[PDB]
Amino acid sequence: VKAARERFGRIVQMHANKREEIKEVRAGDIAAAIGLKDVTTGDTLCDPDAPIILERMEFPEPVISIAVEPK
Amino acid sequence: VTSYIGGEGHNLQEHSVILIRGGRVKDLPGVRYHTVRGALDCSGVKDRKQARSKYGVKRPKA
Amino acid sequence: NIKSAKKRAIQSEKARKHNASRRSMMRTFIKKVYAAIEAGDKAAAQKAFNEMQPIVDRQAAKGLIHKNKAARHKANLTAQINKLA
Amino acid sequence: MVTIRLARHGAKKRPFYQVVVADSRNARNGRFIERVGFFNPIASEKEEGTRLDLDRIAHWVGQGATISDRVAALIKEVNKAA
Amino acid sequence: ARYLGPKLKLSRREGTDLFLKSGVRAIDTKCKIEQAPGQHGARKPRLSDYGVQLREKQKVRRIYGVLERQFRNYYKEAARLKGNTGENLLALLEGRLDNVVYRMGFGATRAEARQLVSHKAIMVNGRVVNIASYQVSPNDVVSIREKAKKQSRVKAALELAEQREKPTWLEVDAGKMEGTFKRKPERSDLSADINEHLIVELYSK
Amino acid sequence: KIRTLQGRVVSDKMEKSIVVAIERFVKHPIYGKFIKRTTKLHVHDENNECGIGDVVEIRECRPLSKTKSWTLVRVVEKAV
RNA sequence: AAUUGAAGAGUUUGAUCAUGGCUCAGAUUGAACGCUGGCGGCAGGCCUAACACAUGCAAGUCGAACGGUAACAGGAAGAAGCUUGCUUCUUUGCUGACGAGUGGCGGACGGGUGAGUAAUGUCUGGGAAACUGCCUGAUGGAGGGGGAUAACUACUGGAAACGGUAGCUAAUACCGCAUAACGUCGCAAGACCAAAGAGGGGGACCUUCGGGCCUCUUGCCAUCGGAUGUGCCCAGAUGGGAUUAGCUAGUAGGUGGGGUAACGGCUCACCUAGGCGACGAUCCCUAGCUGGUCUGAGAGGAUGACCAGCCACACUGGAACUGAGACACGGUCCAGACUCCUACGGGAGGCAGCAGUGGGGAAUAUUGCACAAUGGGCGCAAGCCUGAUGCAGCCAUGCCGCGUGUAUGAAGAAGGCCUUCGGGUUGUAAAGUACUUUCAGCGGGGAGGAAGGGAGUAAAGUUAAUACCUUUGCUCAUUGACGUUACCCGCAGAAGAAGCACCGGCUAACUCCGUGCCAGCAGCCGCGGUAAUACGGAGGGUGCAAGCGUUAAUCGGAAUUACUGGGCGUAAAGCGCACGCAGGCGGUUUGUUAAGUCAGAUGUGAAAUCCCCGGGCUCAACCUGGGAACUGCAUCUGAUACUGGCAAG
Ligand SMILES: [Mg+2]
Ligand SMILES: [Mg+2]
Ligand SMILES: [Mg+2]
Ligand SMILES: [Mg+2]
Ligand SMILES: [Mg+2]
Ligand SMILES: [Mg+2]
Ligand SMILES: [Mg+2]
Ligand SMILES: [Mg+2]
Ligand SMILES: [Mg+2]
Ligand SMILES: [Mg+2]
Ligand SMILES: [Mg+2]
Ligand SMILES: [Mg+2]
Ligand SMILES: [Mg+2]
Ligand SMILES: [Mg+2]
Ligand SMILES: [Mg+2]
Ligand SMILES: [Mg+2]
Ligand SMILES: [Mg+2]
Ligand SMILES: [Mg+2]
Ligand SMILES: [Mg+2]
Ligand SMILES: [Mg+2]
């Protein structure tokens, strides 16, 4: 959804009370990828040879607005 | 310092983040820099086709 | 710091303490000789001189004073013990 | 102590050692006392391949210089055994 | 790297056949040689010293199919090498393998010959050579690989080749399809409306 | 031979410690003129053997004090 | 053979010439940004915050120095569930080996950084008063004793970091004693100084049958040499400022004590009153230096990344100890700033090592692989350690190759664009038809970087010995991270692979349309107010091409700081004028001198770079052999016209 590729490096699974390190991450699992450059929320990370956009949940859209000045 | 915003049309306003290029304007004394279209908050020129590298306009999907 | 070549620190402490007491003593004999020189007691000078020579000479070999210092001490002290004594 | 050894001067995947005498404590391609030849583990069976200024080696070996095991093998293979 | 654009047009700008379509007939025409290299090609633009100076070196480049950076390097080398820097430019230029392969008639056009060099379809002194810019020495022998020894292209290639004015500093065959760069070509035995001092002085200012 | 240097005295009273000036002509690094170049050295001469005005000969030597590494050897000319 | 190479143009005016600034064409970059993006080779990659740092790694290693057994194995001062010679428990340090401890060597190397440092450094050249582990050549020593201590053990404190008392033990730890010269002190007579053992094998002989004893290999002491490393001294050269002109008490010298490896106000007392400075001291500001790099015809200017040499620094300030070497990057102590752990009593730490984070920024990479090669630490060795190094990952950042096809193809299709509606152009381009298959892709095979180490066996090498130990042949197994390596051969199919800038003059390239001093362009002059080749689009064209532009930056052009190589009557420029110190310069003859100058000779000017000729990767970049070069410094010896000095005119 950005038409840019990323290179996975370190990977971590939050494991109750320890950020354990992993080298591989299979399907049906969740994790956090360290260091990924330009990945915002809702983006699909697929295989570059077999490319796909996924559904992407929805963005609740704000109900309250306010002006702020930097004191 | 003050800087030019070449090209037809632009966004840019009070809190925009931009990129200064250097380059004067022989019409605006004291203006000694250009704004670099298409870097940071400064969008490229709309619909420009010739010389798009300047004015930061990506190739119109051939 | 967490590198077992910290035992080096504990060793060199033992070393200082050793060198400490010896080099202390050595000096206190070189002190004795000048005591005569200052006192005028011409005999006491050679007495101690000949008493310190073995210390000083050994300490050069032991390598806690290294050679020419031992040389210099007895050297110029000779040059003083018989300049009136 | 001073030693005769190989300093890598080739290029990635195409080395070219330089036999040279130095204080062992210096860096490999660093400060040296004197160069004494080269060893080109490539070249093939061409015009050259190795060269040892054996007089100079032997000279330095005289003042208590030592030989790097790979240089030793190289000397004991440039012959000088008949 | 290669040019790739429409090739006759190039010739049409230079006002000469640079044999980019050596192929067969025409030797040009069925092109409208000169009188319109573009929409405005049909004019007589009186061009400045810098223009002809450009056009001329630009001519040489298109003939051999060599691009600026490499061609610069060819000039810089030519400069360094002893002798009239002007002519020994052409020397490196002429000594290019791809050029030699064309000059020996193994390929119809210089561009064609290049493709041949690229496809490992040519060897030198016993050894296979891929790169079109391989610098050929004297006594070197360029030969066609057996794997592709006389198939359709190279046949016709050697065919109309021999019907062309022929070389001197190298001897071809046609039976074994092999030849020898006998010696470096001298400036006398290659020319036309091609000067140098133009293209020499150009890179010197 | 003995690497030595001539040069006149200057400054007298210092107690076995004469100081000598050594002119030299040298070409200017860019413009080429030859220009004068004084060079003051702290010389030692045991038993104040000379004095101001004297063209003296000296040689380099062991350190004898802070800026003092040259001994007096001959003398040439003296009076005023 | 070998640094053999110098271009101008635009712009002041109505026009001209001159002057003079500004501007442009070239080359270069550790770059960035914008648009675009196929591969490979070699190379480069925090230029800013020497800003703070989570996490892992970056220094260990010897049982052939010592007491040793906790674990691992075998063997067991030898045994079960019985599965009788295959096991897994319990014991034994037996042997391999090895946690912790004493000891030894290393941790002062390797690697990072440019803060500090305008001369406590660096470059070139000289010099005398010094120490120097490991490696080495040589001469002799290697006798005989002694007191301890970690570990360990018994109590005992902590949350932890750490430990506390008491008792015992080994050594190549430690200390006497003997020995004592070609060593130190001394004129001499004389005085006086050291050390250590450990292993492999073995005929007899001997034995508490542990060994003694023999032999071989290592290690220890001492001294004089060598080699390498370092310390110290002098001279010249090494930024800007005078809107900084005075500076100076251990200041300058001497004497005598002390001091260091060593010379020395290095230190201390006394005595002289000096020492520095316009040839720029002092004080400010900036800066690590050189080899070299970039530019330049050169002379110059600019610069100090990558490689190598040198120096300095290791959170900040300061300090010593250990030691051959440190005033110690991953040591110690003290203070500071900061951060972290705490069971609140107390504790811990410094990525400018590699990788990586945060932060700053226009901007700079993976928390990878392997010790296989080279090289370093320890070790007899095997080996172990090694973020040095060798490789791989990431980024078009650069340089160099290569590709993204090749040929054929016309009344010259359509479409677009121009048109005086006759046509012209894009354009042989496309389509179509022959043809090829590099590189990518898929399958096979497959160099080289590997030389060595391990066993065996054969050699008056040894020795008492056919053992042990050393060398070398030969023989048999075997050692790569890269690695699906390079490269080779098969297979399919033009298939996966073109952009960016420009087209008023300088400046290579012209038209229509929109717009109408608007919207905008612009390096410079200047375009725009209705036929705009200058704005925006289009067609066409020129230039570069996996890059192209733009910006930033250095040199060039610039003879525009003019040494080479310029100027001042009116263009900017003669002080209003004289006298005069310092400095610069100096008529004419002889002799002498030999500083400058000249000539020749010898050391030297690191390597890499540049350049020449070759050689090696399919080519090139890249790598490499030898030379030339390094225009310099120093010294000795010469030459005597000119210059300078001295003598007489
Ligand atoms: Mg000490
Ligand atoms: Mg290219
Ligand atoms: Mg152990
Ligand atoms: Mg600095
Ligand atoms: Mg004794
Ligand atoms: Mg004294
Ligand atoms: Mg003294
Ligand atoms: Mg200049
Ligand atoms: Mg410090
Ligand atoms: Mg550290
Ligand atoms: Mg048409
Ligand atoms: Mg034009
Ligand atoms: Mg119009
Ligand atoms: Mg336009
Ligand atoms: Mg100039
Ligand atoms: Mg002027
Ligand atoms: Mg005037
Ligand atoms: Mg006047
Ligand atoms: Mg004279
Ligand atoms: Mg050189």
# chains A, B, ... in the order shown; residues from 1 in each chain; ligands from 1
>>> residues_near_ligand(ligand="ligand 17", cutoff="9 Å", atoms="only C-alpha atoms (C1' of nucleotides) and all ligand atoms", output="JSON, numbers by chain")
{"G": [570, 571, 572, 573]}
>>> interface_residues(of="chain E", to="chain G", cutoff="9 Å", atoms="only C-alpha atoms (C1' of nucleotides)", output="VMD selection string")
chain E and resid 1 to 9 21 23 to 24 30 to 31 36 to 41 50 to 51 54 to 55 67 to 68 108 to 109 111 to 120 127 to 135 152 to 153 204 to 205
>>> closest_atom_pairs(of="chain D", to="chain G", cutoff="8 Å", atoms="only C-alpha atoms (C1' of nucleotides)", output="CSV")
residue,atom,partner,partner_atom,distance
D:1,CA,G:135,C1',5.1
D:2,CA,G:228,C1',5.9
D:6,CA,G:374,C1',6.6
D:7,CA,G:374,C1',7.0
D:8,CA,G:374,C1',6.3
D:10,CA,G:623,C1',6.1
D:11,CA,G:623,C1',6.5
D:13,CA,G:449,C1',7.1
D:14,CA,G:449,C1',7.5
D:15,CA,G:449,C1',7.6
D:17,CA,G:374,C1',7.9
D:23,CA,G:228,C1',6.3
D:24,CA,G:376,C1',7.8
D:25,CA,G:109,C1',5.6
D:26,CA,G:109,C1',7.3
D:27,CA,G:110,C1',7.0
D:28,CA,G:375,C1',5.6
D:30,CA,G:308,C1',6.9
D:31,CA,G:309,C1',7.6
D:41,CA,G:449,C1',6.9
D:42,CA,G:448,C1',7.4
D:43,CA,G:616,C1',6.0
D:47,CA,G:615,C1',7.9
D:63,CA,G:227,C1',5.5
D:64,CA,G:136,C1',4.0
D:65,CA,G:135,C1',6.2
D:66,CA,G:135,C1',6.9
D:70,CA,G:451,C1',6.2
D:73,CA,G:451,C1',7.0
>>> residues_near_ligand(ligand="ligand 10", cutoff="7 Å", atoms="only C-alpha atoms (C1' of nucleotides) and all ligand atoms", output="ChimeraX atom specification")
/G:314,329-330,350-351
>>> atom_distance(atom1="atom CA of residue 69 of chain E", atom2="atom CA of residue 22 of chain E")
26.2 Å
>>> atom_distance(atom1="atom CA of residue 3 of chain B", atom2="atom CA of residue 35 of chain B")
6.1 Å
>>> residues_around(residues="residue 23 of chain B", least_positions_apart="6", cutoff="7 Å", atoms="only C-alpha atoms (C1' of nucleotides)", output="list in words")
residues 32, 33 and 34 of chain B
>>> write_last_selection(atoms="C-alpha atoms", output="compact mmCIF listing (two decimals), in the first residue's frame")
# COMPACT_ATOMS: atom_id res chain seq x y z
CA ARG B 32 18.30 34.64 -1.97
CA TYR B 33 16.87 31.09 -1.74
CA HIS B 34 14.40 28.72 -3.47
>>> residues_near_ligand(ligand="ligand 4", cutoff="7 Å", atoms="only C-alpha atoms (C1' of nucleotides) and all ligand atoms", output="VMD selection string")
chain G and resid 114 to 115 287
>>> residues_near_ligand(ligand="ligand 1", cutoff="12 Å", atoms="only C-alpha atoms (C1' of nucleotides) and all ligand atoms", output="list in words")
residues 12, 15, 16, 17, 18, 19, 20, 23, 59, 60, 62, 63, 64, 65 and 66 of chain C; 320, 321, 322, 323, 324, 325, 326 and 327 of chain G
>>> residues_around(residues="segment 48-62 of chain D", least_positions_apart="5", cutoff="8 Å", atoms="only C-alpha atoms (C1' of nucleotides)", output="list in words")
residues 4, 36, 37, 38, 39, 40, 41, 42, 43, 67, 75 and 78 of chain D
>>> residues_near_ligand(ligand="ligand 6", cutoff="9 Å", atoms="only C-alpha atoms (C1' of nucleotides) and all ligand atoms", output="PDB file with N, CA, C and O atoms (P, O5', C5', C4', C3', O3' and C1' of nucleotides), in the first residue's frame")
ATOM      1  P     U G 255      79.015  25.823  36.837  1.00  0.00           P
ATOM      2  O5'   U G 255      79.038  25.831  38.426  1.00  0.00           O
ATOM      3  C5'   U G 255      80.066  26.533  39.100  1.00  0.00           C
ATOM      4  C4'   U G 255      79.853  26.558  40.586  1.00  0.00           C
ATOM      5  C3'   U G 255      79.460  25.231  41.205  1.00  0.00           C
ATOM      6  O3'   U G 255      80.571  24.362  41.366  1.00  0.00           O
ATOM      7  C1'   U G 255      78.053  26.931  42.037  1.00  0.00           C
ATOM      8  P     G G 256      80.427  22.782  41.087  1.00  0.00           P
ATOM      9  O5'   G G 256      79.697  22.245  42.394  1.00  0.00           O
ATOM     10  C5'   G G 256      80.256  22.505  43.666  1.00  0.00           C
ATOM     11  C4'   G G 256      79.259  22.284  44.763  1.00  0.00           C
ATOM     12  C3'   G G 256      78.415  21.036  44.634  1.00  0.00           C
ATOM     13  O3'   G G 256      79.091  19.846  44.995  1.00  0.00           O
ATOM     14  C1'   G G 256      77.011  22.853  45.144  1.00  0.00           C
ATOM     15  P     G G 257      78.344  18.443  44.782  1.00  0.00           P
ATOM     16  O5'   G G 257      77.122  18.557  45.794  1.00  0.00           O
ATOM     17  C5'   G G 257      76.636  17.435  46.500  1.00  0.00           C
ATOM     18  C4'   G G 257      75.415  17.784  47.310  1.00  0.00           C
ATOM     19  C3'   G G 257      74.208  16.926  47.020  1.00  0.00           C
ATOM     20  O3'   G G 257      74.274  15.672  47.643  1.00  0.00           O
ATOM     21  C1'   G G 257      73.544  19.171  46.991  1.00  0.00           C
TER      22        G G 257
END
>>> residues_around(residues="residue 520 of chain G", least_positions_apart="5", cutoff="9 Å", atoms="only C-alpha atoms (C1' of nucleotides)", output="PyMOL selection string")
(chain B and resi 6-8) or (chain G and resi 528+535-536)
>>> write_last_selection(atoms="N, CA, C and O atoms (P, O5', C5', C4', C3', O3' and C1' of nucleotides)", output="PDB file, in the first residue's frame")
ATOM      1  N   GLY B   6       8.615  29.012  -6.461  1.00  0.00           N
ATOM      2  CA  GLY B   6       8.386  28.970  -7.890  1.00  0.00           C
ATOM      3  C   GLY B   6       7.379  27.925  -8.251  1.00  0.00           C
ATOM      4  O   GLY B   6       7.014  27.079  -7.423  1.00  0.00           O
ATOM      5  N   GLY B   7       6.909  28.017  -9.486  1.00  0.00           N
ATOM      6  CA  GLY B   7       5.945  27.067 -10.004  1.00  0.00           C
ATOM      7  C   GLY B   7       4.569  27.628  -9.784  1.00  0.00           C
ATOM      8  O   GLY B   7       4.415  28.508  -8.928  1.00  0.00           O
ATOM      9  N   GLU B   8       3.590  27.137 -10.549  1.00  0.00           N
ATOM     10  CA  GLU B   8       2.204  27.591 -10.439  1.00  0.00           C
ATOM     11  C   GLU B   8       1.432  26.852  -9.343  1.00  0.00           C
ATOM     12  O   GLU B   8       1.220  25.643  -9.410  1.00  0.00           O
TER      13      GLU B   8
ATOM     14  P     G G 528       8.652  40.090 -24.560  1.00  0.00           P
ATOM     15  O5'   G G 528       7.395  39.788 -23.622  1.00  0.00           O
ATOM     16  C5'   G G 528       6.894  38.459 -23.571  1.00  0.00           C
ATOM     17  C4'   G G 528       5.765  38.259 -22.594  1.00  0.00           C
ATOM     18  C3'   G G 528       4.785  39.401 -22.394  1.00  0.00           C
ATOM     19  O3'   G G 528       3.819  39.473 -23.434  1.00  0.00           O
ATOM     20  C1'   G G 528       5.356  38.440 -20.305  1.00  0.00           C
ATOM     21  P     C G 535      10.272  29.600 -21.139  1.00  0.00           P
ATOM     22  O5'   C G 535       8.998  29.811 -20.219  1.00  0.00           O
ATOM     23  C5'   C G 535       9.081  30.503 -18.986  1.00  0.00           C
ATOM     24  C4'   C G 535       7.708  30.845 -18.476  1.00  0.00           C
ATOM     25  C3'   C G 535       6.698  29.706 -18.532  1.00  0.00           C
ATOM     26  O3'   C G 535       6.747  28.934 -17.346  1.00  0.00           O
ATOM     27  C1'   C G 535       5.770  31.676 -19.495  1.00  0.00           C
ATOM     28  P     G G 536       7.338  27.440 -17.354  1.00  0.00           P
ATOM     29  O5'   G G 536       6.071  26.557 -17.750  1.00  0.00           O
ATOM     30  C5'   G G 536       4.976  26.426 -16.857  1.00  0.00           C
ATOM     31  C4'   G G 536       3.715  25.940 -17.537  1.00  0.00           C
ATOM     32  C3'   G G 536       3.834  24.825 -18.567  1.00  0.00           C
ATOM     33  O3'   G G 536       3.995  23.536 -18.001  1.00  0.00           O
ATOM     34  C1'   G G 536       2.399  26.490 -19.384  1.00  0.00           C
TER      35        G G 536
END
>>> residues_near_ligand(ligand="ligand 8", cutoff="8 Å", atoms="only C-alpha atoms (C1' of nucleotides) and all ligand atoms", output="PyMOL selection string")
chain G and resi 300-301+558
